[PDB]
Amino acid sequence: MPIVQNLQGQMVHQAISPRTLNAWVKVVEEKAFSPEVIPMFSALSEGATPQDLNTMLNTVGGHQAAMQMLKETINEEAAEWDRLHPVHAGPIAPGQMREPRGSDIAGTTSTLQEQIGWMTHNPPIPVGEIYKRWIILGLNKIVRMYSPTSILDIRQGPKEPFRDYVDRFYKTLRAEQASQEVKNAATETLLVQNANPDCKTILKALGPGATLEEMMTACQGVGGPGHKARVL
(Lines of atoms letter the chains of each structure in order from A and count residues from 1; the text may use other names and numbers.)
(Lines give C-alpha, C1' and ligand atoms only; values in the text may rest on other atoms or scores of the structure.)
Protein backbone atom coordinates (compact mmCIF):
# COMPACT_ATOMS: atom_id res chain seq x y z
CA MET A 1 0.00 0.00 0.00
CA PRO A 2 2.34 2.73 -1.31
CA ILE A 3 1.27 6.21 -0.25
CA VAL A 4 2.98 9.61 -0.46
CA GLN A 5 2.41 12.80 1.53
CA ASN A 6 3.14 16.10 -0.21
CA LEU A 7 5.15 18.52 1.94
CA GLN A 8 2.41 21.08 1.31
CA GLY A 9 -0.01 18.74 3.06
CA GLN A 10 -1.56 17.02 0.06
CA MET A 11 -1.99 13.30 0.71
CA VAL A 12 -1.61 11.32 -2.51
CA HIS A 13 -1.22 7.59 -3.16
CA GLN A 14 1.51 6.08 -5.35
CA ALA A 15 0.65 4.57 -8.73
CA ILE A 16 0.81 0.78 -8.75
CA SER A 17 3.49 -1.03 -10.76
CA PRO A 18 3.27 -4.09 -13.04
CA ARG A 19 5.76 -5.89 -10.79
CA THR A 20 3.23 -6.41 -8.00
CA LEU A 21 0.37 -7.29 -10.35
CA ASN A 22 2.45 -9.58 -12.57
CA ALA A 23 3.99 -11.33 -9.57
CA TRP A 24 0.60 -11.90 -7.94
CA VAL A 25 -0.57 -13.50 -11.19
CA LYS A 26 2.66 -15.47 -11.55
CA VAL A 27 1.96 -17.29 -8.28
CA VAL A 28 -1.78 -17.86 -8.70
CA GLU A 29 -1.01 -19.12 -12.20
CA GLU A 30 2.06 -21.04 -11.03
CA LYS A 31 -0.05 -23.41 -8.93
CA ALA A 32 -3.58 -22.20 -8.18
CA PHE A 33 -4.30 -20.78 -4.73
CA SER A 34 -3.56 -21.07 -1.01
CA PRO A 35 -4.30 -19.69 2.48
CA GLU A 36 -1.27 -17.44 2.04
CA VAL A 37 -2.76 -15.53 -0.90
CA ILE A 38 -5.73 -14.37 1.18
CA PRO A 39 -3.62 -12.43 3.72
CA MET A 40 -1.04 -11.49 1.08
CA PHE A 41 -3.67 -9.66 -0.97
CA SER A 42 -5.18 -7.88 2.04
CA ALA A 43 -1.69 -7.01 3.27
CA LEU A 44 -0.61 -5.69 -0.13
CA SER A 45 -3.85 -3.77 -0.64
CA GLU A 46 -4.23 -2.85 3.03
CA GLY A 47 -5.94 0.53 2.96
CA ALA A 48 -4.77 0.79 -0.64
CA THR A 49 -6.62 2.71 -3.35
CA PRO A 50 -10.00 1.75 -4.86
CA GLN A 51 -8.52 1.61 -8.37
CA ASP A 52 -5.39 -0.38 -7.54
CA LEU A 53 -7.51 -3.04 -5.85
CA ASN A 54 -9.81 -3.16 -8.87
CA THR A 55 -6.91 -3.90 -11.21
CA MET A 56 -5.34 -6.47 -8.88
CA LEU A 57 -8.69 -8.22 -8.45
CA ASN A 58 -9.25 -8.05 -12.21
CA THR A 59 -5.88 -9.63 -12.99
CA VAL A 60 -6.67 -12.69 -10.87
CA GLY A 61 -6.18 -14.79 -13.99
CA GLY A 62 -9.77 -15.28 -15.11
CA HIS A 63 -12.01 -16.66 -12.37
CA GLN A 64 -15.46 -15.71 -13.66
CA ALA A 65 -16.92 -17.66 -10.74
CA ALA A 66 -14.90 -15.61 -8.26
CA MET A 67 -15.80 -12.36 -10.04
CA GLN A 68 -19.55 -13.03 -9.98
CA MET A 69 -19.44 -14.30 -6.40
CA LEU A 70 -17.38 -11.33 -5.23
CA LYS A 71 -19.52 -8.69 -6.95
CA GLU A 72 -22.65 -10.44 -5.67
CA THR A 73 -21.30 -10.57 -2.12
CA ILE A 74 -20.43 -6.87 -2.24
CA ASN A 75 -23.80 -5.80 -3.66
CA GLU A 76 -25.72 -7.92 -1.16
CA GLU A 77 -23.46 -6.82 1.70
CA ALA A 78 -24.03 -3.15 0.89
CA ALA A 79 -27.77 -3.58 0.32
CA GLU A 80 -28.35 -5.35 3.64
CA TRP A 81 -25.93 -3.08 5.50
CA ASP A 82 -27.87 -0.05 4.27
CA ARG A 83 -31.18 -1.73 5.12
CA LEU A 84 -30.29 -2.16 8.79
CA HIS A 85 -28.13 0.95 9.12
CA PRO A 86 -29.59 3.64 6.81
CA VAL A 87 -27.35 6.20 8.52
CA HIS A 88 -24.00 6.47 10.31
CA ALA A 89 -22.71 8.42 13.30
CA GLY A 90 -21.76 11.71 11.67
CA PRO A 91 -24.34 13.63 9.62
CA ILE A 92 -23.52 16.14 6.88
CA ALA A 93 -24.69 19.62 5.89
CA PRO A 94 -26.70 20.65 2.80
CA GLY A 95 -24.34 21.29 -0.10
CA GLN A 96 -21.38 19.40 1.36
CA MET A 97 -20.09 15.85 0.92
CA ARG A 98 -22.64 13.03 0.69
CA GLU A 99 -23.03 9.64 2.36
CA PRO A 100 -21.45 6.31 1.31
CA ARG A 101 -23.21 3.69 -0.81
CA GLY A 102 -22.62 0.28 -2.37
CA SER A 103 -22.68 2.07 -5.72
CA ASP A 104 -19.92 4.51 -4.77
CA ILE A 105 -17.97 1.84 -2.90
CA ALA A 106 -18.13 -0.71 -5.71
CA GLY A 107 -15.69 1.54 -7.54
CA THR A 108 -17.88 1.76 -10.63
CA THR A 109 -19.25 5.30 -10.75
CA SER A 110 -16.88 6.47 -8.01
CA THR A 111 -13.71 8.41 -8.85
CA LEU A 112 -10.25 8.26 -7.28
CA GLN A 113 -10.33 11.97 -6.45
CA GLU A 114 -13.74 11.55 -4.82
CA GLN A 115 -12.88 8.38 -2.91
CA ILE A 116 -9.74 9.97 -1.46
CA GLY A 117 -11.42 13.30 -0.81
CA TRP A 118 -14.04 11.43 1.20
CA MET A 119 -11.81 9.17 3.30
CA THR A 120 -9.61 12.21 3.85
CA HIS A 121 -12.58 14.38 4.84
CA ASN A 122 -14.80 14.02 7.90
CA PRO A 123 -16.61 12.23 9.09
CA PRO A 124 -14.16 9.28 9.01
CA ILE A 125 -15.77 7.11 6.34
CA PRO A 126 -13.12 4.71 4.99
CA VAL A 127 -14.19 3.16 1.69
CA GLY A 128 -11.21 0.82 1.59
CA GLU A 129 -11.89 -0.88 4.92
CA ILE A 130 -15.26 -2.03 3.59
CA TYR A 131 -13.94 -2.84 0.12
CA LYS A 132 -11.12 -5.02 1.44
CA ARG A 133 -13.37 -6.53 4.10
CA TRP A 134 -16.02 -7.71 1.64
CA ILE A 135 -13.52 -8.47 -1.12
CA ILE A 136 -11.48 -10.59 1.30
CA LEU A 137 -14.54 -12.34 2.71
CA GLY A 138 -15.74 -13.51 -0.69
CA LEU A 139 -12.23 -14.40 -1.84
CA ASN A 140 -11.80 -16.60 1.23
CA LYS A 141 -15.07 -18.42 0.55
CA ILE A 142 -14.46 -18.76 -3.19
CA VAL A 143 -10.95 -20.10 -2.56
CA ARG A 144 -12.11 -22.56 0.10
CA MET A 145 -14.68 -23.85 -2.39
CA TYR A 146 -11.91 -25.57 -4.34
CA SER A 147 -9.42 -25.68 -1.47
CA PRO A 148 -8.86 -27.85 1.63
CA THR A 149 -9.20 -24.70 3.73
CA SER A 150 -12.91 -25.52 3.87
CA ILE A 151 -12.08 -27.90 6.72
CA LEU A 152 -10.83 -24.92 8.73
CA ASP A 153 -14.46 -23.78 8.83
CA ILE A 154 -15.29 -26.82 10.95
CA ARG A 155 -14.39 -25.66 14.46
CA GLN A 156 -15.79 -26.47 17.91
CA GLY A 157 -18.34 -24.02 19.28
CA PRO A 158 -20.98 -23.50 21.99
CA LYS A 159 -23.63 -23.59 19.26
CA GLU A 160 -23.28 -27.38 19.17
CA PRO A 161 -21.90 -30.25 21.29
CA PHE A 162 -18.44 -31.74 20.81
CA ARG A 163 -19.99 -34.90 19.37
CA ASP A 164 -21.61 -32.68 16.74
CA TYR A 165 -18.58 -30.62 15.72
CA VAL A 166 -16.44 -33.76 15.50
CA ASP A 167 -19.11 -35.46 13.38
CA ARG A 168 -18.98 -32.84 10.62
CA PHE A 169 -15.23 -32.63 11.17
CA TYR A 170 -14.11 -36.00 9.79
CA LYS A 171 -17.25 -35.99 7.65
CA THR A 172 -16.15 -33.01 5.56
CA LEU A 173 -12.61 -34.37 5.42
CA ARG A 174 -13.64 -37.83 4.23
CA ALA A 175 -16.23 -36.21 1.96
CA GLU A 176 -13.44 -36.04 -0.62
CA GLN A 177 -10.26 -37.91 0.28
CA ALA A 178 -9.34 -38.84 3.85
CA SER A 179 -8.26 -42.48 4.06
CA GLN A 180 -4.51 -43.10 4.11
CA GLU A 181 -2.53 -42.38 7.28
CA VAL A 182 -4.48 -39.50 8.81
CA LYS A 183 -6.46 -41.78 11.13
CA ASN A 184 -3.09 -42.68 12.64
CA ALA A 185 -2.58 -39.38 14.47
CA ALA A 186 -2.79 -36.52 11.98
CA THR A 187 -6.55 -36.65 12.51
CA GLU A 188 -6.38 -37.37 16.24
CA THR A 189 -4.31 -34.22 16.75
CA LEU A 190 -6.45 -32.09 14.45
CA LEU A 191 -9.70 -32.97 16.22
CA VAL A 192 -8.18 -32.79 19.70
CA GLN A 193 -6.61 -29.45 18.74
CA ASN A 194 -9.71 -27.71 17.37
CA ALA A 195 -11.65 -29.51 20.11
CA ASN A 196 -13.14 -27.51 22.98
CA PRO A 197 -10.83 -26.31 25.80
CA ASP A 198 -12.62 -28.36 28.46
CA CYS A 199 -12.10 -31.68 26.68
CA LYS A 200 -8.59 -30.67 25.62
CA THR A 201 -7.52 -30.27 29.25
CA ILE A 202 -8.76 -33.81 29.91
CA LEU A 203 -7.05 -35.14 26.78
CA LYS A 204 -3.57 -33.88 27.70
CA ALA A 205 -4.23 -34.97 31.29
CA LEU A 206 -5.43 -38.41 30.19
CA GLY A 207 -2.14 -39.22 28.50
CA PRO A 208 -0.79 -40.03 25.01
CA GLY A 209 -2.04 -42.84 22.79
CA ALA A 210 -5.52 -41.97 24.04
CA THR A 211 -8.21 -43.82 22.11
CA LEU A 212 -11.23 -42.04 20.64
CA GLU A 213 -13.36 -44.14 22.99
CA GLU A 214 -11.41 -42.96 26.04
CA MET A 215 -11.15 -39.29 25.07
CA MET A 216 -14.80 -39.21 24.03
CA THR A 217 -15.87 -40.87 27.29
CA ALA A 218 -13.91 -38.27 29.25
CA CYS A 219 -15.41 -35.35 27.33
CA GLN A 220 -18.98 -36.51 27.96
CA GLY A 221 -18.08 -37.83 31.40
CA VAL A 222 -16.57 -34.49 32.39
CA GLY A 223 -18.11 -33.06 35.55
CA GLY A 224 -21.39 -34.88 36.03
CA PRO A 225 -24.25 -34.40 33.55
CA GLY A 226 -21.65 -34.02 30.82
CA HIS A 227 -23.18 -30.67 29.88
CA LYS A 228 -21.02 -28.98 27.24
CA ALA A 229 -19.52 -25.54 27.80
CA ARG A 230 -21.89 -22.58 28.18
CA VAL A 231 -22.78 -20.24 25.31
CA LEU A 232 -21.50 -16.74 24.58
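Numbering (the numbering used here), first residue to last: 87 to 318. The beta-carbon is built from N, C-alpha and C at its ideal position, and this holds for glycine as well.
Find out if the Cβ-Cβ distance for the pair residue i, residue j is shorter than 8 Å.
i, j, result
"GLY214", "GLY133", "yes"
"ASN140", "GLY203", "no"
"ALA304", "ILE288", "yes"
"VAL113", "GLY147", "no"
"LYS290", "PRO247", "no"
"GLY176", "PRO209", "yes"
"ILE221", "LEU143", "yes"
"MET126", "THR206", "no"
"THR235", "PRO311", "no"
Starting from residue i, follow the alpha helix (DSSP H) in both directions and report where the run begins and ends.
i, result
"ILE191", "188-191"
"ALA304", "298-307"
"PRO180", "That residue, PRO180, is in no alpha helix (DSSP H); it is neither H nor E in DSSP."
Select from the options the residue whose C-alpha is nearest the C-alpha of residue i.
i, options, result
"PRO88", "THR135, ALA109, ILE124, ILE237", "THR135"
"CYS285", "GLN266, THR275, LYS218, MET301", "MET301"
"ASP138", "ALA165, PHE127, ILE124, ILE102", "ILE102"
"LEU276", "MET153, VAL252, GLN150, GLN266", "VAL252"
"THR273", "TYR217, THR297, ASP250, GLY293", "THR297"
"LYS269", "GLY295, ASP250, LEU170", "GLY295"
Between which two residues does the beta strand (DSSP E) harbouring residue i extend?
i, result
"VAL90", "89-91"
Identify whether residue i lies in helix, strand or coil by the three-state DSSP scheme.
i, result
"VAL98", "strand"
"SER131", "coil"
"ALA291", "helix"
Should the segment 225-233 be called in touch with the segment 252-271, which here means at least 3 C-beta pairs below 8 Å?
no
Does the segment 177-189 come within contact of the segment 144-164, defined as at least 3 CB pairs closer than 8 Å?
yes
How about the segment 237-252 and the segment 280-287: do they share at least three Cβ pairs that are nearer than 8 Å?
yes
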